[PDB]
Structures are given as C-alpha cells and as structure tokens.
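**Student:** As a preliminary step, the opening chains of the complex are given here in situ:
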Amino acid sequence: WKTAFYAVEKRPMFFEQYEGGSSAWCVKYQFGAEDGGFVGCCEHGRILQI
Amino acid sequence: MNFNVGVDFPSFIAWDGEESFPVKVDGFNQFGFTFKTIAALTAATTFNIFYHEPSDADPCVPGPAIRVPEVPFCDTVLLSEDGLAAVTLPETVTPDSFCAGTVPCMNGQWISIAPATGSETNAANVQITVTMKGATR
Amino acid sequence: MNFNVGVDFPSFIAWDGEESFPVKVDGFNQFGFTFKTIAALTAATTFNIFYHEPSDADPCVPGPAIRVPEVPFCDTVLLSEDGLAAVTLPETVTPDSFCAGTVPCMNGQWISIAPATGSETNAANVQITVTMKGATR
Amino acid sequence: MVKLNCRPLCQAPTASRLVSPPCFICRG
C-alpha cells in the first residue's frame, strides 16, 4: 500500500467561534478541514471475493 | 426504597387517545412531556400544542386554547413554517419506548396537546403525560 | 427555563378511568403514584394494587395480575383483613389538588392499579399515573 | 422546536448463529 493508494492532506483541522449569527445570549461555532484520497497503480493489490 | 415521588415531581395525563386535558402549570416553574406507544403506527404522527389562560368567567377554569409561539434556537436551521409550535413523533417507533420533549418558553397557565390534522387515527394509540418539577409556593 | 425532564423522571399513564395499564418498573429503582380527580366524587374510592412478572412468552409481557402484599412500618400499626397493600382515595376532594401514593416494597416488573369492588362507578372520574426517579439501565 | 429523545425501554436479547466453518474437503 505504500504505492497502491495515496491520501492527500491540504489544510489541518480548524475550529472557530463563527462571528455573526450569534447574540449576547447565543454562540455559534464552525469548523472544517481539507483532505482527499486517490488510488495509485491499482495493479499492486489483489481483492479476494467469492 | 422507592420514595413518594408523587409529591416532588408529580405527573398528569395529557392525552389518552380520545380527548385532551388542560393542566395547570402555575405552581411549578419547569415541566416536560412524555410520550408512549401502545401499538405500531402507520405514519409519523403530528401534534399541535396550545396554551390556555385563566378565563375571566371563573379564575380557576382555563380559557380557550391558543397556539403557542415557539422561539427557535440559535441554529434551528429549519423552523416552523407557520405552525408556531408543534411536535411530530418519528414513524417506526415501537411500544416499550418512551419519548421525551419540552418547549423552551411558556406563555400561560395551562398546556394542552391535540392530534394535529391528518394524524388523528394514528394518535389514538400514543399516550402523552406531563411531569412538573416546581414548588414556587 | 424548563429542563429536559422527559428523560430524568419520565411518567406513564396508569389508570385512565376505563382500563388499567401495566407499566414497566424494572427500568428504574424509585417510583410513585399521582392521583387526580376530574369532577365531584361520591363515597370514597378503593384501589387494589397488582404486580406482574415476565411471562414465559414475551420475556417482556407483564405476566398475570398478582396482588402485591402489604408491609407495615414501625408504627404502621394498622392492619387490613389480609395483607395485599391497597389504597383508599377519600372523597370530598376537588380537581385542584393531587394525591401522592407509593408502595415501599416492590416485587415484579409491572405495577398495575384496579378499581376495587364498589368503587368502579366512582373510580371512573379518577386519573392515576406513575412516575419514576432513577435510570438504572 | 421540541426534541424527541427516546433511550427506549425493554431489551430483546439477540441469539446468534455462530458458524465454525462446516466440515468438508471435497472439490468434485
């Protein structure tokens, strides 16, 4: 798998108090991050089936 | 060792399946609902909430029923279309499965629940009660 | 600022006025009754208590309706003919106050209440429900 | 808008059909 499939990380996890849409009695939070993944040369692995 | 929790968080019938029962909530400062199923139902039954007022003909019997204006939470993305406050049990709830709910802000002295339109024949199975937890006097 | 008191002390319809209802109590560890009137009454009502056990069919259908026995306190000192702890709702009670009964010793998983003989007619105007205290899942 | 916590009551045990692959070697 060191060459069969790859993962890509773009920007790590961020959390934040979403300013606006929040009163002096209510607080709203928003978070996210960016990642993905693809297959390399998939001729480097066997998948056993029935 | 079951203590007498009759006093100190009493309970009353809200909906038996045939008729409503307006219940006073004056003496208490907090309260909540309880739902129970008696048989598998066909649709996600809906219910309308109403609050009464002390009728000026007699300040002991409640007055008419008014629809209560639910206030949405800060991130209530989907809020009531025009049915200011209401509830809807999800479909595919079985017996021996109690359900819990409450409204955030009251506006009267009596609370009542009715089977909302189109869900009556399926509401003839669900039972609803109310629990109050205040003394205030 | 009413909390979610649906969970954390729920409740379930017990005696509606037409037919009793076995309620699971295995679930929790402390429970109690709340009696209520709906109109004027007549000669004081009498209610017998019954307990159920897991039927050999559904390992969750309250089994038969067996009667819970009576246990005295330090000075209960007052004993019915048999044991079989029952209750008597005294008349001259308005639909503005409630009664809080609770049996100290339990046995089984389904409590039930039945209108004793010579009271059913006067018990038709009685609404009894039960609420628990613990969670003990 | 009213929520609907359930944490339902009664509990039905599962049963299980644990396999332990059957006995054979034949292929034809």
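**Tutor:** Noted; the coordinates are in hand. Numbers count the residues shown, from 1 in each chain, chains lettered A, B, ... in the order given.
**Student:** quick one, what contacts residue B:82?
**Tutor:** Neighbouring residues of residue B:82 by Cβ atoms under 8 Å, 6 or more residues apart in numbering or on different chains: there are none. C-beta coordinates here come from the backbone N, C-alpha and C atoms, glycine included.
**Student:** and with 10 Å instead?
**Tutor:** residue B:67 (Cβ atoms under 10 Å, 6 or more residues apart in numbering or on different chains).
**Student:** quick one: it and chain A, what's the gap?
**Tutor:** According to Cβ to the nearest Cβ, to the nearest Å, residue B:82 stands 23 Å off from chain A.
**Student:** what does chain B put close to chain D?
**Tutor:** B:32-33, B:35-37, B:47, B:49, B:70-73, B:76, B:78-80, B:85-90, B:93-104 (Cβ under 10 Å from any Cβ of the partner chain).
**Student:** How is the residue in chain A that chain D sits nearest to assigned, secondary-structure-wise?
**Tutor:** For chain A, the residue closest to chain D is residue A:50, as judged by Cβ to the nearest Cβ, at 14.0 Å. State at residue A:50, reduced to three classes by DSSP: H, G, I helix; E, B strand; the rest coil: coil.
**Student:** Where do the strands of chain B begin and end?
**Tutor:** Ranges of strands in chain B, per DSSP state E, are B:11-15, B:23-24, B:31-36, B:46-52, B:66-67, B:86-88, B:99-101, B:110-115, B:127-132.
**Student:** got those as a markdown table, with mean neighbour count and distance to residue A:32 columns?
**Tutor:** What follows is those, written out as a markdown table (neighbours: other Cβ atoms under 10 Å in any protein chain shown; distance: least, Cβ to Cβ, whole Å):
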| stretch | mean neighbour count | distance to residue A:32 |
| --- | --- | --- |
| strand B:11-15 | 24 | 43 |
| strand B:23-24 | 20 | 46 |
| strand B:31-36 | 24 | 35 |
| strand B:46-52 | 20 | 35 |
| strand B:66-67 | 14 | 39 |
| strand B:86-88 | 19 | 31 |
| strand B:99-101 | 22 | 32 |
| strand B:110-115 | 21 | 40 |
| strand B:127-132 | 25 | 40 |
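**Student:** with the structure above as the base, add chain E:
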Amino acid sequence: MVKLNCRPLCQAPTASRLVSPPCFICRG
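**Tutor:** Take a look at chain E, now in place beside the chains above:
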C-alpha cells in the same frame, strides 16, 4: 417440639454414569 433427627441405617451407592464428548459426525 419434636426435634426429629431422621438418619438411615443402609444406603445404596451413588450409581452414576460418565458422559464423555461422544461421536463427532463433524457437521454436515
């Protein structure tokens, strides 16, 4: 009252068998 004691002269032995994990048809 009568403090019965109730104790025997004779006694047979505890004639008993021994099950052992028997014939394994080995599931089919």
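**Student:** back to the contacts of residue B:82, now that we've got chain E?
**Tutor:** residue B:67.
**Student:** Equivalent analysis for residue B:11, please.
**Tutor:** Here residue B:11 is in contact with B:5, B:23, B:34, B:129-132, C:9-14, C:32-34, C:36, C:98, C:128-132 (Cβ under 10 Å, 6+ apart).
**Student:** rerun that using 6 Å as the cut-off
**Tutor:** By Cβ atoms under 6 Å, 6 or more residues apart in numbering or on different chains, residue B:11 lies in contact with B:129, B:131, C:11, C:34, C:129, C:131.
**Student:** In terms of helices and strands, where is the residue in chain A positioned nearest to chain C?
**Tutor:** Nearest to chain C in chain A, going by Cβ to the nearest Cβ, is residue A:25, at a distance of 12.0 Å. Under the criterion DSSP states H and E, no helix or strand holds residue A:25.
**Student:** what about residue B:78, how many neighbours?
**Tutor:** By other Cβ atoms under 10 Å in any protein chain shown, 7 other residues sit near residue B:78.
**Student:** Where does the closest residue to it other than its chain neighbours sit: helix, strand or coil?
**Tutor:** Leaving out its chain neighbours, the residue that sits closest to residue B:78 by Cβ to Cβ, 6 or more residues apart in numbering or on different chains is residue D:1, at 7.9 Å. At residue D:1 the chain is in coil, as set by three-state DSSP.
**Student:** What is the burial count for residue D:1?
**Tutor:** Neighbour tally, residue D:1, other Cβ under 10 Å: 17.
**Student:** So which residues of chain A form strands?
**Tutor:** Under the criterion DSSP E, chain A carries strands at the ranges A:5-17, A:29-39.
**Student:** Can I get those in a markdown table including mean neighbour count?
**Tutor:** Converted to a markdown table, these look like this (neighbours: other Cβ atoms under 10 Å in any protein chain shown):
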| stretch | mean neighbour count |
| --- | --- |
| strand A:5-17 | 10 |
| strand A:29-39 | 10 |
